[PDB]
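**Q** One structure follows; several queries about it will come next.
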Amino acid sequence: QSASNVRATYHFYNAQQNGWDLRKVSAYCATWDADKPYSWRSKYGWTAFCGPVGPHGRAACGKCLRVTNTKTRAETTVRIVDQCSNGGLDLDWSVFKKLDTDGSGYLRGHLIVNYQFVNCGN
């Protein structure tokens, strides 16, 4: 699934500073994904998801999104680890910072992004 022009906020999951441990950050998906390999947990930065198109909640856990800053064209791939309110994304700060290439997202409090569910790879 995909959608355009969705709001992405940020939350301090601090994934890296929690050793990529989903239980430590209190991620919804910890119940099913916390014991996946370290290589899997740490492959991609983390997000909450609650977009207009595609699964959310339990069915979305562990899936990957390609996210594009509509304003700057910066991109990254994230892993769904949590659920959110809003019809968009709640990115870990590290991910938001990566995408916020002009700093305007930090100032306003959100980015406008497109997303697409993508193969997570191996």
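For the structure tokens, the naming scheme is as follows: chains receive sequential letters (A, B, ...) according to their order of presentation, residues are indexed from 1 within each chain, and ligands are indexed from 1 in presentation order.
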How would you write, as number ranges by chain, the set of residues in chain A that DSSP gives as strand (DSSP E or B)?
**A** A: 2-11, 45-49, 64-69, 75-83, 89-92, 111-118
**Q** Can you spit out the residues from that selection as a short mmCIF file (atom, residue, chain, number, x, y, z; two decimals), in the first residue's frame, using C-alpha atoms?
**A**
```cif
data_model
loop_
_atom_site.label_atom_id
_atom_site.label_comp_id
_atom_site.auth_asym_id
_atom_site.auth_seq_id
_atom_site.Cartn_x
_atom_site.Cartn_y
_atom_site.Cartn_z
CA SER A 2 0.91 3.60 -0.45
CA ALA A 3 -0.27 7.11 0.30
CA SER A 4 0.86 10.63 -0.38
CA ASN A 5 1.00 13.83 1.59
CA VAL A 6 0.74 12.37 5.04
CA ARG A 7 1.94 13.95 8.25
CA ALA A 8 4.98 12.50 10.02
CA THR A 9 5.71 13.63 13.57
CA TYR A 10 8.50 12.39 15.81
CA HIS A 11 8.88 10.68 19.16
CA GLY A 45 15.07 2.99 11.96
CA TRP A 46 11.77 2.78 13.74
CA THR A 47 8.28 4.30 13.28
CA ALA A 48 4.79 4.13 14.54
CA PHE A 49 2.21 3.80 11.75
CA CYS A 64 8.77 -1.81 6.20
CA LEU A 65 7.98 1.56 4.64
CA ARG A 66 9.89 3.64 2.12
CA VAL A 67 9.31 7.22 3.27
CA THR A 68 9.91 10.34 1.13
CA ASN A 69 10.01 13.93 2.36
CA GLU A 75 14.20 9.29 1.69
CA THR A 76 14.71 6.44 4.09
CA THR A 77 13.31 2.99 4.92
CA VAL A 78 11.75 2.39 8.31
CA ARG A 79 10.35 -0.58 10.24
CA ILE A 80 6.88 -0.42 11.85
CA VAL A 81 7.27 -1.11 15.54
CA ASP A 82 4.30 0.77 16.97
CA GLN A 83 0.83 2.16 16.46
CA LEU A 89 3.71 8.25 10.97
CA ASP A 90 5.37 8.90 14.31
CA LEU A 91 9.07 8.55 13.47
CA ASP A 92 11.92 8.03 15.87
CA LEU A 111 7.08 16.61 7.86
CA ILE A 112 4.77 15.96 4.92
CA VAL A 113 5.75 12.55 3.50
CA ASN A 114 4.77 9.85 1.07
CA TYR A 115 5.02 6.24 2.06
CA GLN A 116 5.01 2.88 0.36
CA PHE A 117 5.11 -0.57 1.95
CA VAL A 118 8.24 -2.31 0.68
#
```
**Q** Give the alpha helix (DSSP H) residues of chain A, as assigned by DSSP on the backbone, as a VMD selection string.
**A** chain A and resid 30 to 33 38 to 41 93 to 99 104 to 108
**Q** Please determine, counting only C-alpha atoms, which residue among A:37, A:19, A:105, A:88 has the shortest atom-to-atom distance to residue 53 of chain A.
**A** A:88
**Q** Extract, using only C-alpha atoms, all DNA, RNA and protein residues at most 12 Å from residue 16 of chain A, discarding same-chain residues fewer than 4 positions from it, and format them as a PDB file with N, CA, C and O atoms, in the first residue's frame.
**A**
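What landed in selection-v1.pdb:
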```
ATOM      1  N   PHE A  12      10.780  10.473  20.670  1.00  0.00           N
ATOM      2  CA  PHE A  12      12.053   9.990  21.098  1.00  0.00           C
ATOM      3  C   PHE A  12      11.985   8.500  21.511  1.00  0.00           C
ATOM      4  O   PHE A  12      12.073   8.213  22.722  1.00  0.00           O
ATOM      5  N   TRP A  20      18.224  -1.207  20.416  1.00  0.00           N
ATOM      6  CA  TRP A  20      17.252  -1.738  19.414  1.00  0.00           C
ATOM      7  C   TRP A  20      16.275  -2.757  20.087  1.00  0.00           C
ATOM      8  O   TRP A  20      15.758  -3.640  19.446  1.00  0.00           O
ATOM      9  N   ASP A  21      15.993  -2.543  21.375  1.00  0.00           N
ATOM     10  CA  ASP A  21      15.141  -3.442  22.144  1.00  0.00           C
ATOM     11  C   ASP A  21      13.752  -2.852  22.196  1.00  0.00           C
ATOM     12  O   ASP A  21      13.465  -1.760  22.807  1.00  0.00           O
ATOM     13  N   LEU A  22      12.833  -3.486  21.478  1.00  0.00           N
ATOM     14  CA  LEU A  22      11.482  -3.019  21.443  1.00  0.00           C
ATOM     15  C   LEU A  22      10.762  -2.961  22.736  1.00  0.00           C
ATOM     16  O   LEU A  22       9.881  -2.119  22.943  1.00  0.00           O
ATOM     17  N   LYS A  24      12.114  -2.226  25.644  1.00  0.00           N
ATOM     18  CA  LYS A  24      12.611  -1.115  26.433  1.00  0.00           C
ATOM     19  C   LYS A  24      11.975   0.170  26.053  1.00  0.00           C
ATOM     20  O   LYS A  24      11.780   1.018  26.895  1.00  0.00           O
ATOM     21  N   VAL A  25      11.605   0.343  24.787  1.00  0.00           N
ATOM     22  CA  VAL A  25      11.000   1.555  24.340  1.00  0.00           C
ATOM     23  C   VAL A  25       9.470   1.556  24.460  1.00  0.00           C
ATOM     24  O   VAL A  25       8.764   2.448  24.063  1.00  0.00           O
ATOM     25  N   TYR A  38      18.725  -9.467  16.486  1.00  0.00           N
ATOM     26  CA  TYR A  38      19.322  -8.149  16.519  1.00  0.00           C
ATOM     27  C   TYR A  38      19.537  -7.520  15.156  1.00  0.00           C
ATOM     28  O   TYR A  38      19.240  -6.337  14.953  1.00  0.00           O
ATOM     29  N   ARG A  41      16.048  -6.350  14.095  1.00  0.00           N
ATOM     30  CA  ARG A  41      15.568  -5.200  14.877  1.00  0.00           C
ATOM     31  C   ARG A  41      16.298  -3.959  14.502  1.00  0.00           C
ATOM     32  O   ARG A  41      15.663  -2.862  14.544  1.00  0.00           O
ATOM     33  N   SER A  42      17.593  -4.016  14.243  1.00  0.00           N
ATOM     34  CA  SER A  42      18.415  -2.845  13.981  1.00  0.00           C
ATOM     35  C   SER A  42      18.600  -2.524  12.570  1.00  0.00           C
ATOM     36  O   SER A  42      19.321  -1.579  12.265  1.00  0.00           O
ATOM     37  N   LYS A  43      17.993  -3.251  11.619  1.00  0.00           N
ATOM     38  CA  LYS A  43      18.279  -3.032  10.182  1.00  0.00           C
ATOM     39  C   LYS A  43      17.838  -1.630   9.740  1.00  0.00           C
ATOM     40  O   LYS A  43      18.517  -0.996   8.969  1.00  0.00           O
ATOM     41  N   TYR A  44      16.668  -1.217  10.184  1.00  0.00           N
ATOM     42  CA  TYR A  44      16.048   0.055   9.779  1.00  0.00           C
ATOM     43  C   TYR A  44      15.581   0.836  10.996  1.00  0.00           C
ATOM     44  O   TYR A  44      15.132   0.284  12.007  1.00  0.00           O
ATOM     45  N   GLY A  45      15.642   2.151  10.941  1.00  0.00           N
ATOM     46  CA  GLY A  45      15.070   2.985  11.961  1.00  0.00           C
ATOM     47  C   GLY A  45      13.588   2.753  12.139  1.00  0.00           C
ATOM     48  O   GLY A  45      12.915   2.211  11.266  1.00  0.00           O
ATOM     49  N   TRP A  46      13.074   3.149  13.298  1.00  0.00           N
ATOM     50  CA  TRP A  46      11.767   2.784  13.742  1.00  0.00           C
ATOM     51  C   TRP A  46      10.730   3.864  13.540  1.00  0.00           C
ATOM     52  O   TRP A  46      10.969   5.093  13.621  1.00  0.00           O
ATOM     53  N   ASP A  92      10.885   7.738  14.888  1.00  0.00           N
ATOM     54  CA  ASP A  92      11.925   8.034  15.873  1.00  0.00           C
ATOM     55  C   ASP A  92      12.609   9.332  15.439  1.00  0.00           C
ATOM     56  O   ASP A  92      12.795   9.587  14.253  1.00  0.00           O
ATOM     57  N   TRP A  93      13.046  10.121  16.416  1.00  0.00           N
ATOM     58  CA  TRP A  93      13.729  11.382  16.123  1.00  0.00           C
ATOM     59  C   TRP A  93      14.903  11.161  15.148  1.00  0.00           C
ATOM     60  O   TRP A  93      15.056  11.949  14.234  1.00  0.00           O
ATOM     61  N   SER A  94      15.711  10.147  15.333  1.00  0.00           N
ATOM     62  CA  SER A  94      16.843   9.940  14.439  1.00  0.00           C
ATOM     63  C   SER A  94      16.417   9.842  12.998  1.00  0.00           C
ATOM     64  O   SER A  94      17.102  10.372  12.090  1.00  0.00           O
ATOM     65  N   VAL A  95      15.306   9.203  12.730  1.00  0.00           N
ATOM     66  CA  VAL A  95      14.787   9.071  11.388  1.00  0.00           C
ATOM     67  C   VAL A  95      14.247  10.416  10.876  1.00  0.00           C
ATOM     68  O   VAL A  95      14.495  10.805   9.751  1.00  0.00           O
TER      69      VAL A  95
END
```
**Q** Work out how far apart atom CA of residue 31 of chain A and atom CA of residue 97 of chain A are and give it in Å to one decimal.
**A**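 The value is 27.6 Å.
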